[PDB]
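Okay, entry-v3.pdb now, which holds PDB, C-alpha atoms:
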```pdb
ATOM      1  CA  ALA A   1      96.670 216.041  44.324  1.00  0.00           C
ATOM      2  CA  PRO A   2      96.587 214.044  41.038  1.00  0.00           C
ATOM      3  CA  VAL A   3      99.984 213.230  39.527  1.00  0.00           C
ATOM      4  CA  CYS A   4      98.765 211.738  36.240  1.00  0.00           C
ATOM      5  CA  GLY A   5      95.791 211.671  33.907  1.00  0.00           C
ATOM      6  CA  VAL A   6      93.296 214.251  32.712  1.00  0.00           C
ATOM      7  CA  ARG A   7      93.610 216.173  35.974  1.00  0.00           C
ATOM      8  CA  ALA A   8      97.391 216.343  35.645  1.00  0.00           C
ATOM      9  CA  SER A   9      97.982 217.704  32.147  1.00  0.00           C
ATOM     10  CA  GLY A  10      97.638 214.227  30.686  1.00  0.00           C
ATOM     11  CA  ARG A  11     100.927 213.238  32.299  1.00  0.00           C
ATOM     12  CA  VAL A  12     101.757 209.524  32.354  1.00  0.00           C
ATOM     13  CA  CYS A  13     103.309 207.481  35.158  1.00  0.00           C
ATOM     14  CA  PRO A  14     107.031 206.645  35.454  1.00  0.00           C
ATOM     15  CA  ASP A  15     108.307 203.064  35.176  1.00  0.00           C
ATOM     16  CA  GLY A  16     105.214 202.242  33.129  1.00  0.00           C
ATOM     17  CA  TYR A  17     102.865 202.309  36.128  1.00  0.00           C
ATOM     18  CA  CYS A  18      99.112 202.528  35.565  1.00  0.00           C
ATOM     19  CA  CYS A  19      97.393 205.850  36.041  1.00  0.00           C
ATOM     20  CA  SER A  20      94.197 205.355  38.086  1.00  0.00           C
ATOM     21  CA  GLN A  21      90.916 207.001  37.234  1.00  0.00           C
ATOM     22  CA  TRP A  22      91.603 209.371  40.156  1.00  0.00           C
ATOM     23  CA  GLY A  23      95.056 210.381  38.925  1.00  0.00           C
ATOM     24  CA  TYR A  24      97.536 208.286  40.905  1.00  0.00           C
ATOM     25  CA  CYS A  25     100.222 205.773  39.905  1.00  0.00           C
ATOM     26  CA  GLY A  26     100.268 202.110  40.887  1.00  0.00           C
ATOM     27  CA  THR A  27     100.201 198.477  39.773  1.00  0.00           C
ATOM     28  CA  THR A  28      97.125 197.106  41.537  1.00  0.00           C
ATOM     29  CA  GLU A  29      93.454 196.877  40.593  1.00  0.00           C
ATOM     30  CA  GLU A  30      92.804 200.411  41.810  1.00  0.00           C
ATOM     31  CA  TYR A  31      95.200 201.756  39.181  1.00  0.00           C
ATOM     32  CA  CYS A  32      95.190 199.297  36.279  1.00  0.00           C
ATOM     33  CA  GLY A  33      91.614 198.143  36.486  1.00  0.00           C
ATOM     34  CA  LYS A  34      88.359 199.827  35.625  1.00  0.00           C
ATOM     35  CA  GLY A  35      88.879 203.505  34.915  1.00  0.00           C
ATOM     36  CA  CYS A  36      92.606 203.244  34.236  1.00  0.00           C
ATOM     37  CA  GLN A  37      93.708 206.213  32.110  1.00  0.00           C
ATOM     38  CA  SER A  38      97.053 205.137  30.673  1.00  0.00           C
ATOM     39  CA  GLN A  39      99.758 202.444  30.759  1.00  0.00           C
ATOM     40  CA  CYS A  40      97.018 200.032  31.796  1.00  0.00           C
ATOM     41  CA  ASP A  41      98.883 197.037  30.406  1.00  0.00           C
ATOM     42  CA  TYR A  42     101.550 197.047  33.119  1.00  0.00           C
ATOM     43  CA  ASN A  43     100.482 193.592  34.288  1.00  0.00           C
ATOM     44  CA  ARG A  44      99.604 192.284  30.819  1.00  0.00           C
ATOM     45  CA  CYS A  45     101.848 190.210  28.578  1.00  0.00           C
ATOM     46  CA  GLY A  46     102.012 187.676  25.790  1.00  0.00           C
ATOM     47  CA  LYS A  47     101.280 187.227  22.120  1.00  0.00           C
ATOM     48  CA  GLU A  48      98.174 189.390  22.420  1.00  0.00           C
ATOM     49  CA  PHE A  49     100.202 192.235  23.916  1.00  0.00           C
ATOM     50  CA  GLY A  50     103.046 192.802  21.469  1.00  0.00           C
ATOM     51  CA  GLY A  51     104.852 189.829  22.967  1.00  0.00           C
ATOM     52  CA  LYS A  52     105.857 191.886  25.980  1.00  0.00           C
ATOM     53  CA  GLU A  53     107.379 190.070  28.965  1.00  0.00           C
ATOM     54  CA  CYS A  54     106.512 190.699  32.601  1.00  0.00           C
ATOM     55  CA  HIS A  55     108.258 192.952  35.077  1.00  0.00           C
ATOM     56  CA  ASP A  56     110.011 191.377  38.088  1.00  0.00           C
ATOM     57  CA  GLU A  57     110.629 188.261  35.951  1.00  0.00           C
ATOM     58  CA  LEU A  58     107.027 187.153  36.532  1.00  0.00           C
ATOM     59  CA  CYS A  59     105.383 184.390  34.500  1.00  0.00           C
ATOM     60  CA  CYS A  60     102.957 185.227  31.741  1.00  0.00           C
ATOM     61  CA  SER A  61      99.746 183.195  31.829  1.00  0.00           C
ATOM     62  CA  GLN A  62      97.912 181.839  28.812  1.00  0.00           C
ATOM     63  CA  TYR A  63      95.457 184.691  29.355  1.00  0.00           C
ATOM     64  CA  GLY A  64      98.129 187.361  29.158  1.00  0.00           C
ATOM     65  CA  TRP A  65      98.422 188.153  32.859  1.00  0.00           C
ATOM     66  CA  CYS A  66     101.613 188.519  34.897  1.00  0.00           C
ATOM     67  CA  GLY A  67     101.968 186.615  38.143  1.00  0.00           C
ATOM     68  CA  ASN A  68     103.612 183.779  39.995  1.00  0.00           C
ATOM     69  CA  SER A  69     100.735 181.420  40.792  1.00  0.00           C
ATOM     70  CA  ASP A  70     100.631 177.988  39.146  1.00  0.00           C
ATOM     71  CA  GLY A  71      97.964 179.555  36.923  1.00  0.00           C
ATOM     72  CA  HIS A  72     100.624 181.896  35.568  1.00  0.00           C
ATOM     73  CA  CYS A  73     103.729 179.668  35.592  1.00  0.00           C
ATOM     74  CA  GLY A  74     102.105 176.311  34.996  1.00  0.00           C
ATOM     75  CA  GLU A  75     100.270 174.903  32.005  1.00  0.00           C
ATOM     76  CA  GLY A  76      99.885 177.462  29.262  1.00  0.00           C
ATOM     77  CA  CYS A  77     102.547 179.819  30.568  1.00  0.00           C
ATOM     78  CA  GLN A  78     103.850 182.017  27.711  1.00  0.00           C
ATOM     79  CA  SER A  79     107.167 183.330  29.026  1.00  0.00           C
ATOM     80  CA  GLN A  80     109.506 183.551  32.023  1.00  0.00           C
ATOM     81  CA  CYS A  81     107.926 180.320  33.238  1.00  0.00           C
ATOM     82  CA  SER A  82     110.914 179.258  35.366  1.00  0.00           C
ATOM     83  CA  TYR A  83     110.280 181.862  38.069  1.00  0.00           C
ATOM     84  CA  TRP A  84     110.325 179.256  40.833  1.00  0.00           C
ATOM     85  CA  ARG A  85     113.322 177.231  39.624  1.00  0.00           C
ATOM     86  CA  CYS A  86     116.942 177.913  40.383  1.00  0.00           C
ATOM     87  CA  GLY A  87     120.386 176.506  40.904  1.00  0.00           C
ATOM     88  CA  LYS A  88     122.914 174.297  39.187  1.00  0.00           C
ATOM     89  CA  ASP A  89     120.228 172.368  37.291  1.00  0.00           C
ATOM     90  CA  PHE A  90     118.852 175.624  35.868  1.00  0.00           C
ATOM     91  CA  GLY A  91     121.804 177.544  34.468  1.00  0.00           C
ATOM     92  CA  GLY A  92     122.674 178.715  37.963  1.00  0.00           C
ATOM     93  CA  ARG A  93     119.686 181.049  38.008  1.00  0.00           C
ATOM     94  CA  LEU A  94     119.296 183.114  41.165  1.00  0.00           C
ATOM     95  CA  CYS A  95     115.816 183.606  42.643  1.00  0.00           C
ATOM     96  CA  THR A  96     114.147 187.010  42.711  1.00  0.00           C
ATOM     97  CA  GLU A  97     113.063 188.605  46.038  1.00  0.00           C
ATOM     98  CA  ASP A  98     116.344 187.285  47.479  1.00  0.00           C
ATOM     99  CA  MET A  99     114.677 183.880  47.914  1.00  0.00           C
ATOM    100  CA  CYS A 100     116.775 180.872  48.912  1.00  0.00           C
ATOM    101  CA  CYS A 101     117.375 178.257  46.279  1.00  0.00           C
ATOM    102  CA  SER A 102     116.751 174.833  47.841  1.00  0.00           C
ATOM    103  CA  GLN A 103     118.749 171.684  47.209  1.00  0.00           C
ATOM    104  CA  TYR A 104     115.899 170.593  44.931  1.00  0.00           C
ATOM    105  CA  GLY A 105     116.180 173.689  42.762  1.00  0.00           C
ATOM    106  CA  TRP A 106     113.148 175.571  44.062  1.00  0.00           C
ATOM    107  CA  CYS A 107     112.928 179.193  45.188  1.00  0.00           C
ATOM    108  CA  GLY A 108     111.445 179.683  48.632  1.00  0.00           C
ATOM    109  CA  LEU A 109     111.693 181.611  51.887  1.00  0.00           C
ATOM    110  CA  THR A 110     111.141 178.751  54.338  1.00  0.00           C
ATOM    111  CA  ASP A 111     113.785 177.108  56.522  1.00  0.00           C
ATOM    112  CA  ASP A 112     113.858 173.907  54.483  1.00  0.00           C
ATOM    113  CA  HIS A 113     114.760 176.049  51.455  1.00  0.00           C
ATOM    114  CA  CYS A 114     117.509 177.985  53.187  1.00  0.00           C
ATOM    115  CA  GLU A 115     118.756 175.212  55.478  1.00  0.00           C
ATOM    116  CA  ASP A 116     120.700 172.103  54.441  1.00  0.00           C
ATOM    117  CA  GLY A 117     121.566 172.035  50.753  1.00  0.00           C
ATOM    118  CA  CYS A 118     120.647 175.639  50.007  1.00  0.00           C
ATOM    119  CA  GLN A 119     122.418 176.709  46.810  1.00  0.00           C
ATOM    120  CA  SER A 120     122.331 180.498  46.948  1.00  0.00           C
ATOM    121  CA  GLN A 121     120.860 183.493  48.801  1.00  0.00           C
ATOM    122  CA  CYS A 122     120.576 181.344  51.911  1.00  0.00           C
ATOM    123  CA  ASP A 123     120.397 184.288  54.330  1.00  0.00           C
ATOM    124  CA  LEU A 124     117.492 183.772  56.714  1.00  0.00           C
ATOM    125  CA  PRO A 125     116.944 184.969  60.310  1.00  0.00           C
ATOM    126  CA  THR A 126     117.081 182.305  63.026  1.00  0.00           C
TER     127      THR A 126
ATOM    128  CA  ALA B   1     110.764 162.006  57.003  1.00  0.00           C
ATOM    129  CA  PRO B   2     108.071 163.583  54.762  1.00  0.00           C
ATOM    130  CA  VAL B   3     104.984 164.987  56.475  1.00  0.00           C
ATOM    131  CA  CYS B   4     102.482 164.119  53.743  1.00  0.00           C
ATOM    132  CA  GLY B   5     101.973 161.946  50.703  1.00  0.00           C
ATOM    133  CA  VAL B   6     102.814 158.388  49.803  1.00  0.00           C
ATOM    134  CA  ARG B   7     105.882 158.488  52.082  1.00  0.00           C
ATOM    135  CA  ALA B   8     103.619 159.475  54.987  1.00  0.00           C
ATOM    136  CA  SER B   9     101.073 156.675  54.593  1.00  0.00           C
ATOM    137  CA  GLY B  10      98.863 158.870  52.421  1.00  0.00           C
ATOM    138  CA  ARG B  11      98.419 161.569  55.083  1.00  0.00           C
ATOM    139  CA  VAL B  12      97.167 164.885  53.687  1.00  0.00           C
ATOM    140  CA  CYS B  13      98.247 168.380  54.718  1.00  0.00           C
ATOM    141  CA  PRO B  14      96.304 170.444  57.258  1.00  0.00           C
ATOM    142  CA  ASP B  15      94.066 173.349  56.196  1.00  0.00           C
ATOM    143  CA  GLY B  16      93.745 172.064  52.635  1.00  0.00           C
ATOM    144  CA  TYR B  17      97.415 172.677  51.747  1.00  0.00           C
ATOM    145  CA  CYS B  18      98.969 170.997  48.696  1.00  0.00           C
ATOM    146  CA  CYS B  19     101.356 168.103  49.269  1.00  0.00           C
ATOM    147  CA  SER B  20     104.445 168.362  47.021  1.00  0.00           C
ATOM    148  CA  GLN B  21     106.166 165.470  45.224  1.00  0.00           C
ATOM    149  CA  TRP B  22     108.771 165.538  47.984  1.00  0.00           C
ATOM    150  CA  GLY B  23     106.244 165.171  50.776  1.00  0.00           C
ATOM    151  CA  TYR B  24     105.942 168.681  52.161  1.00  0.00           C
ATOM    152  CA  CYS B  25     103.030 171.085  52.640  1.00  0.00           C
ATOM    153  CA  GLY B  26     102.631 174.396  50.878  1.00  0.00           C
ATOM    154  CA  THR B  27     100.516 176.653  48.676  1.00  0.00           C
ATOM    155  CA  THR B  28     102.907 177.706  45.874  1.00  0.00           C
ATOM    156  CA  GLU B  29     103.765 176.048  42.553  1.00  0.00           C
ATOM    157  CA  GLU B  30     106.372 173.801  44.162  1.00  0.00           C
ATOM    158  CA  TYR B  31     103.595 172.185  46.159  1.00  0.00           C
ATOM    159  CA  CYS B  32     100.452 172.557  44.061  1.00  0.00           C
ATOM    160  CA  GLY B  33     101.752 172.223  40.503  1.00  0.00           C
ATOM    161  CA  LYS B  34     103.251 169.240  38.696  1.00  0.00           C
ATOM    162  CA  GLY B  35     103.932 166.335  41.019  1.00  0.00           C
ATOM    163  CA  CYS B  36     101.466 167.535  43.666  1.00  0.00           C
ATOM    164  CA  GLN B  37     100.112 164.487  45.505  1.00  0.00           C
ATOM    165  CA  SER B  38      96.960 165.775  47.130  1.00  0.00           C
ATOM    166  CA  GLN B  39      94.786 168.828  47.813  1.00  0.00           C
ATOM    167  CA  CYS B  40      96.257 170.460  44.713  1.00  0.00           C
ATOM    168  CA  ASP B  41      93.365 172.865  44.121  1.00  0.00           C
ATOM    169  CA  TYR B  42      94.030 174.955  47.216  1.00  0.00           C
ATOM    170  CA  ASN B  43      94.116 178.204  45.227  1.00  0.00           C
ATOM    171  CA  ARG B  44      91.271 177.287  42.874  1.00  0.00           C
ATOM    172  CA  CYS B  45      87.761 178.680  43.168  1.00  0.00           C
ATOM    173  CA  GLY B  46      84.538 179.442  41.375  1.00  0.00           C
ATOM    174  CA  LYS B  47      82.030 177.731  39.133  1.00  0.00           C
ATOM    175  CA  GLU B  48      84.482 175.060  38.035  1.00  0.00           C
ATOM    176  CA  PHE B  49      85.131 174.095  41.650  1.00  0.00           C
ATOM    177  CA  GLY B  50      81.720 173.571  43.189  1.00  0.00           C
ATOM    178  CA  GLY B  51      81.316 177.310  43.702  1.00  0.00           C
ATOM    179  CA  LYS B  52      84.161 177.327  46.226  1.00  0.00           C
ATOM    180  CA  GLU B  53      85.171 180.638  47.762  1.00  0.00           C
ATOM    181  CA  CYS B  54      88.748 181.680  48.500  1.00  0.00           C
ATOM    182  CA  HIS B  55      90.627 181.556  51.757  1.00  0.00           C
ATOM    183  CA  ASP B  56      91.677 184.791  53.451  1.00  0.00           C
ATOM    184  CA  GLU B  57      88.812 186.601  51.723  1.00  0.00           C
ATOM    185  CA  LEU B  58      90.742 186.672  48.447  1.00  0.00           C
ATOM    186  CA  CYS B  59      89.022 187.448  45.148  1.00  0.00           C
ATOM    187  CA  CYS B  60      88.157 184.582  42.835  1.00  0.00           C
ATOM    188  CA  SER B  61      89.279 185.525  39.324  1.00  0.00           C
ATOM    189  CA  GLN B  62      87.214 184.763  36.245  1.00  0.00           C
ATOM    190  CA  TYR B  63      89.755 182.011  35.547  1.00  0.00           C
ATOM    191  CA  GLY B  64      89.117 180.392  38.902  1.00  0.00           C
ATOM    192  CA  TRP B  65      92.250 181.439  40.798  1.00  0.00           C
ATOM    193  CA  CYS B  66      92.446 183.103  44.214  1.00  0.00           C
ATOM    194  CA  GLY B  67      94.405 186.315  44.629  1.00  0.00           C
ATOM    195  CA  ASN B  68      94.290 190.068  45.052  1.00  0.00           C
ATOM    196  CA  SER B  69      96.689 191.104  42.320  1.00  0.00           C
ATOM    197  CA  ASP B  70      95.587 192.778  39.101  1.00  0.00           C
ATOM    198  CA  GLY B  71      93.164 190.559  37.204  1.00  0.00           C
ATOM    199  CA  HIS B  72      91.516 188.881  40.200  1.00  0.00           C
ATOM    200  CA  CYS B  73      89.064 191.379  41.642  1.00  0.00           C
ATOM    201  CA  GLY B  74      88.055 193.327  38.545  1.00  0.00           C
ATOM    202  CA  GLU B  75      85.872 192.315  35.624  1.00  0.00           C
ATOM    203  CA  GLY B  76      84.849 188.682  35.708  1.00  0.00           C
ATOM    204  CA  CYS B  77      85.620 188.277  39.397  1.00  0.00           C
ATOM    205  CA  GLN B  78      83.381 185.509  40.747  1.00  0.00           C
ATOM    206  CA  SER B  79      83.256 186.212  44.462  1.00  0.00           C
ATOM    207  CA  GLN B  80      84.744 188.272  47.285  1.00  0.00           C
ATOM    208  CA  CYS B  81      85.599 190.999  44.795  1.00  0.00           C
ATOM    209  CA  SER B  82      85.616 193.913  47.260  1.00  0.00           C
ATOM    210  CA  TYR B  83      88.998 193.068  48.772  1.00  0.00           C
ATOM    211  CA  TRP B  84      90.419 196.526  48.015  1.00  0.00           C
ATOM    212  CA  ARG B  85      87.385 198.665  48.925  1.00  0.00           C
ATOM    213  CA  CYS B  86      86.656 200.506  52.144  1.00  0.00           C
ATOM    214  CA  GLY B  87      85.047 203.529  53.759  1.00  0.00           C
ATOM    215  CA  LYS B  88      81.730 205.271  54.076  1.00  0.00           C
ATOM    216  CA  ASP B  89      80.534 204.227  50.632  1.00  0.00           C
ATOM    217  CA  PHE B  90      81.020 200.663  51.839  1.00  0.00           C
ATOM    218  CA  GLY B  91      79.303 200.866  55.213  1.00  0.00           C
ATOM    219  CA  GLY B  92      82.452 201.872  57.047  1.00  0.00           C
ATOM    220  CA  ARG B  93      84.411 198.749  56.067  1.00  0.00           C
ATOM    221  CA  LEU B  94      88.000 198.776  57.295  1.00  0.00           C
ATOM    222  CA  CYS B  95      90.960 197.525  55.232  1.00  0.00           C
ATOM    223  CA  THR B  96      92.797 194.351  56.131  1.00  0.00           C
ATOM    224  CA  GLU B  97      96.529 194.237  56.916  1.00  0.00           C
ATOM    225  CA  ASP B  98      96.106 197.622  58.608  1.00  0.00           C
ATOM    226  CA  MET B  99      95.995 199.429  55.265  1.00  0.00           C
ATOM    227  CA  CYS B 100      94.788 203.026  55.039  1.00  0.00           C
ATOM    228  CA  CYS B 101      91.436 203.711  53.465  1.00  0.00           C
ATOM    229  CA  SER B 102      91.761 206.519  50.896  1.00  0.00           C
ATOM    230  CA  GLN B 103      89.285 209.323  50.307  1.00  0.00           C
ATOM    231  CA  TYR B 104      88.154 207.367  47.243  1.00  0.00           C
ATOM    232  CA  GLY B 105      87.445 204.189  49.194  1.00  0.00           C
ATOM    233  CA  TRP B 106      90.514 202.157  48.176  1.00  0.00           C
ATOM    234  CA  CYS B 107      92.925 200.313  50.459  1.00  0.00           C
ATOM    235  CA  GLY B 108      96.627 201.108  50.256  1.00  0.00           C
ATOM    236  CA  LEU B 109      99.843 202.057  52.057  1.00  0.00           C
ATOM    237  CA  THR B 110     100.975 204.924  49.833  1.00  0.00           C
ATOM    238  CA  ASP B 111     101.014 208.485  51.124  1.00  0.00           C
ATOM    239  CA  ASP B 112      97.994 209.534  49.046  1.00  0.00           C
ATOM    240  CA  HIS B 113      95.940 206.783  50.686  1.00  0.00           C
ATOM    241  CA  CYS B 114      97.062 207.606  54.220  1.00  0.00           C
ATOM    242  CA  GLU B 115      97.220 211.380  53.888  1.00  0.00           C
ATOM    243  CA  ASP B 116      94.616 214.031  53.138  1.00  0.00           C
ATOM    244  CA  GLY B 117      91.171 212.497  52.940  1.00  0.00           C
ATOM    245  CA  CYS B 118      92.099 209.172  54.518  1.00  0.00           C
ATOM    246  CA  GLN B 119      89.059 207.646  56.212  1.00  0.00           C
ATOM    247  CA  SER B 120      90.502 205.039  58.604  1.00  0.00           C
ATOM    248  CA  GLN B 121      93.704 203.320  59.776  1.00  0.00           C
ATOM    249  CA  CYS B 122      95.671 206.272  58.450  1.00  0.00           C
ATOM    250  CA  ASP B 123      98.698 205.418  60.558  1.00  0.00           C
ATOM    251  CA  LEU B 124     101.444 205.775  57.959  1.00  0.00           C
ATOM    252  CA  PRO B 125     104.120 203.027  58.155  1.00  0.00           C
ATOM    253  CA  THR B 126     107.260 203.748  60.189  1.00  0.00           C
TER     254      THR B 126
END
```
Rendering of file as structure tokens:
Amino acid sequence: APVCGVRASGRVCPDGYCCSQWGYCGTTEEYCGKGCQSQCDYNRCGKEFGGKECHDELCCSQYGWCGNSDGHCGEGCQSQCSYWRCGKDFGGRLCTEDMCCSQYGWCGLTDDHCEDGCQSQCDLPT
Amino acid sequence: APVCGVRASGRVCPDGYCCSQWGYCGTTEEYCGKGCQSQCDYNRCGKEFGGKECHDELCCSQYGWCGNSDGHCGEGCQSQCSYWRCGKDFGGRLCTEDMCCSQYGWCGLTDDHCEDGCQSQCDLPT
């Protein structure tokens, strides 16, 4: 049964999640896209959105979208643009998602990131 | 020794992957962003890229980036926009990654998608 929206006493979603047109909470297109009832800006950010920053330390694109693609963290990125950088050369920042910080200062979950020279969170099955 | 790039006699990565400044193959910002040596438009798509479609049936956002996160399959999507849809209203289409098809024709792994009304692949994760 619906947990949010017009079919749920106009209740909103916890943690700022989007309430889907069908009355469920989430952060994907189904919930935040067409038909979203409330808190539809969960994945939005930037100057055009009260200057809000993204959840999960994600980059804010020049179009006010949260994400970690080069389209979000690269040219035009508005905030939290150093999502993929880490280590001694970057204030000792630790990667999110427990990613390994490579010798070159890049977050990743591959062997070459967790192998020789890994700076932090080097745990990786092998 | 590097597997791609100038240090590999100009060899490019397989399957269109980006070659990083360090000579390795990947699809994230480390490989496709600044310093990328070749095949840097791996995640690009749309009108600005010869009408290219995305790999892994991902949606092409209005900004020409491949993905399935919020902002890629909704308004402005250029191609393969039905990534999250499934069910009888869609000819019986099944979800990828073994996701459940909800009663409303949306793919997901949450209880409401796999429970009452689920149309296919309702095997809740264990």
Selection result of the ChimeraX specification (/B :<12) & /A on this file, as a PyMOL selection string | chain A and resi 1-3+18+20-36+40-44+59+61-75+81-86+102-110+112-113
The coordinates of chain B, once least-squares superposed on chain A over all sequentially paired C-alpha atoms, should be supplied as a short mmCIF file (atom, residue, chain, number, x, y, z; two decimals) with C-alpha atoms, in the coordinates of the input.
```
data_model
loop_
_atom_site.label_atom_id
_atom_site.label_comp_id
_atom_site.auth_asym_id
_atom_site.auth_seq_id
_atom_site.Cartn_x
_atom_site.Cartn_y
_atom_site.Cartn_z
CA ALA B 1 96.52 218.21 42.51
CA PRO B 2 96.48 214.90 40.55
CA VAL B 3 99.76 213.71 39.06
CA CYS B 4 98.32 212.12 35.92
CA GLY B 5 95.26 212.02 33.72
CA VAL B 6 92.83 214.59 32.43
CA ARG B 7 93.37 216.73 35.56
CA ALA B 8 97.11 216.78 34.82
CA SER B 9 96.87 217.92 31.20
CA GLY B 10 96.90 214.33 29.97
CA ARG B 11 100.27 213.50 31.55
CA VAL B 12 100.92 209.76 31.86
CA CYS B 13 102.58 207.93 34.75
CA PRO B 14 106.28 207.04 34.74
CA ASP B 15 107.49 203.48 34.09
CA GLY B 16 104.25 202.48 32.38
CA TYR B 17 102.13 202.72 35.55
CA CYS B 18 98.33 202.91 35.31
CA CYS B 19 96.66 206.25 35.98
CA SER B 20 93.55 205.86 38.18
CA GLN B 21 90.25 207.72 37.76
CA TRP B 22 91.37 209.99 40.59
CA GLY B 23 94.63 210.94 38.93
CA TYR B 24 97.20 208.84 40.75
CA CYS B 25 99.77 206.27 39.63
CA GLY B 26 99.75 202.62 40.57
CA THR B 27 99.73 198.99 39.44
CA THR B 28 96.78 197.46 41.34
CA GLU B 29 93.07 197.26 40.48
CA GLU B 30 92.39 200.72 41.88
CA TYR B 31 94.65 202.14 39.20
CA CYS B 32 94.47 199.70 36.29
CA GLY B 33 90.87 198.49 36.41
CA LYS B 34 87.62 200.34 35.76
CA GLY B 35 88.13 204.07 35.39
CA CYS B 36 91.83 203.74 34.53
CA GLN B 37 92.80 206.66 32.28
CA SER B 38 96.00 205.49 30.66
CA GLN B 39 98.66 202.77 30.53
CA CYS B 40 96.08 200.32 31.89
CA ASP B 41 97.78 197.18 30.55
CA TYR B 42 100.78 197.42 32.85
CA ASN B 43 100.33 193.85 34.11
CA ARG B 44 99.34 192.39 30.74
CA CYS B 45 101.65 190.31 28.58
CA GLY B 46 101.90 187.71 25.87
CA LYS B 47 100.55 187.03 22.41
CA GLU B 48 97.57 189.33 22.87
CA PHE B 49 99.87 192.22 23.74
CA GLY B 50 102.45 192.34 20.97
CA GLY B 51 104.44 189.56 22.63
CA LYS B 52 105.24 191.82 25.58
CA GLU B 53 107.27 190.39 28.43
CA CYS B 54 106.68 191.14 32.11
CA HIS B 55 108.45 193.58 34.35
CA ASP B 56 110.57 192.31 37.23
CA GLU B 57 111.11 189.04 35.36
CA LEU B 58 107.61 187.86 36.27
CA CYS B 59 105.97 184.94 34.48
CA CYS B 60 103.40 185.66 31.80
CA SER B 61 100.39 183.41 32.42
CA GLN B 62 98.51 181.69 29.62
CA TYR B 63 95.79 184.29 30.21
CA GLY B 64 98.21 187.14 29.61
CA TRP B 65 98.75 188.36 33.18
CA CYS B 66 102.07 188.95 34.95
CA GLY B 67 102.74 187.30 38.29
CA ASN B 68 104.53 184.56 40.18
CA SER B 69 101.62 183.08 42.09
CA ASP B 70 100.11 179.69 41.28
CA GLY B 71 98.81 179.62 37.72
CA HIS B 72 101.36 181.99 36.17
CA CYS B 73 104.56 180.01 35.71
CA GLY B 74 103.20 176.51 35.15
CA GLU B 75 101.41 175.03 32.16
CA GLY B 76 100.58 177.58 29.50
CA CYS B 77 103.10 180.11 30.77
CA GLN B 78 104.16 182.26 27.81
CA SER B 79 107.51 183.65 28.90
CA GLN B 80 109.92 184.04 31.81
CA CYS B 81 108.52 180.86 33.33
CA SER B 82 111.61 179.91 35.37
CA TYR B 83 111.03 182.48 38.10
CA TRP B 84 111.07 179.84 40.86
CA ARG B 85 113.95 177.67 39.61
CA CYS B 86 117.58 177.71 40.65
CA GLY B 87 120.74 175.69 41.19
CA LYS B 88 123.12 173.42 39.36
CA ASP B 89 120.45 172.00 37.07
CA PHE B 90 119.89 175.59 35.95
CA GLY B 91 123.48 176.67 35.38
CA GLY B 92 123.95 177.89 38.93
CA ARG B 93 121.12 180.44 38.77
CA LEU B 94 120.54 182.25 42.06
CA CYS B 95 117.08 183.09 43.43
CA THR B 96 115.82 186.64 43.57
CA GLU B 97 114.76 188.37 46.81
CA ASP B 98 117.59 186.49 48.54
CA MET B 99 115.58 183.26 48.60
CA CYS B 100 117.27 179.94 49.35
CA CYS B 101 117.73 177.47 46.54
CA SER B 102 116.54 174.02 47.65
CA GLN B 103 118.20 170.71 46.86
CA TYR B 104 115.48 170.23 44.24
CA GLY B 105 116.20 173.52 42.49
CA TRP B 106 113.25 175.56 43.81
CA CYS B 107 113.36 179.01 45.40
CA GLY B 108 111.84 179.49 48.85
CA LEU B 109 112.24 180.76 52.41
CA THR B 110 110.99 177.70 54.30
CA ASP B 111 113.35 175.62 56.41
CA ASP B 112 113.39 172.71 53.95
CA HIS B 113 114.61 175.06 51.22
CA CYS B 114 117.30 176.67 53.37
CA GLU B 115 118.36 173.60 55.32
CA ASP B 116 119.89 170.29 54.31
CA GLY B 117 120.69 170.25 50.62
CA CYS B 118 120.33 173.99 50.08
CA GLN B 119 122.49 175.09 47.16
CA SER B 120 122.83 178.88 47.59
CA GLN B 121 121.72 181.89 49.66
CA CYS B 122 120.87 179.52 52.49
CA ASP B 123 120.93 182.30 55.06
CA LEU B 124 117.72 181.53 56.95
CA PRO B 125 115.67 184.65 57.84
CA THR B 126 116.21 186.20 61.28
#
```
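The space between CA of residue 99 in chain A and CA of residue 122 in chain A spans 7.6 Å.
Straight-line separation from CA of residue 80 in chain A to CA of residue 60 in chain B: 24.0 Å.
Considering only C-alpha atoms, the residue among A:38, A:58, A:5, A:90 positioned nearest to residue 17 in chain A is A:38.
Atom pair CA of residue 119 in chain A / CA of residue 54 in chain A: separated by 25.5 Å.
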Might you pull out every residue within 9 Å of residue 121 in chain A, with all atoms listed in the file counted and same-chain residues fewer than 2 positions away left off, and present them as a ChimeraX atom specification?
-> /A:94-95,98-101,114,118-119,123-124
Selected residues, C-alpha atoms, written as a compact mmCIF listing (two decimals), in the frame of the given file, please.
```txt
# COMPACT_ATOMS: atom_id res chain seq x y z
CA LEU A 94 119.30 183.11 41.16
CA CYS A 95 115.82 183.61 42.64
CA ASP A 98 116.34 187.28 47.48
CA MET A 99 114.68 183.88 47.91
CA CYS A 100 116.78 180.87 48.91
CA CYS A 101 117.38 178.26 46.28
CA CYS A 114 117.51 177.98 53.19
CA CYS A 118 120.65 175.64 50.01
CA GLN A 119 122.42 176.71 46.81
CA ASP A 123 120.40 184.29 54.33
CA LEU A 124 117.49 183.77 56.71
```
Polymer residues at most 7 Å from residue 53 in chain A, only C-alpha atoms, same-chain spacing of 4 or more positions, as a PyMOL selection string | chain A and resi 45-46+79
Generate the output file for the selected residues, C-alpha atoms, as an mmCIF file, in the coordinates of the input.
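Listed below is the output, selection.cif:
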```cif
data_model
loop_
_atom_site.group_PDB
_atom_site.id
_atom_site.type_symbol
_atom_site.label_atom_id
_atom_site.label_comp_id
_atom_site.auth_asym_id
_atom_site.auth_seq_id
_atom_site.Cartn_x
_atom_site.Cartn_y
_atom_site.Cartn_z
ATOM 1 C CA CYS A 45 101.848 190.210 28.578
ATOM 2 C CA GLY A 46 102.012 187.676 25.790
ATOM 3 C CA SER A 79 107.167 183.330 29.026
#
```
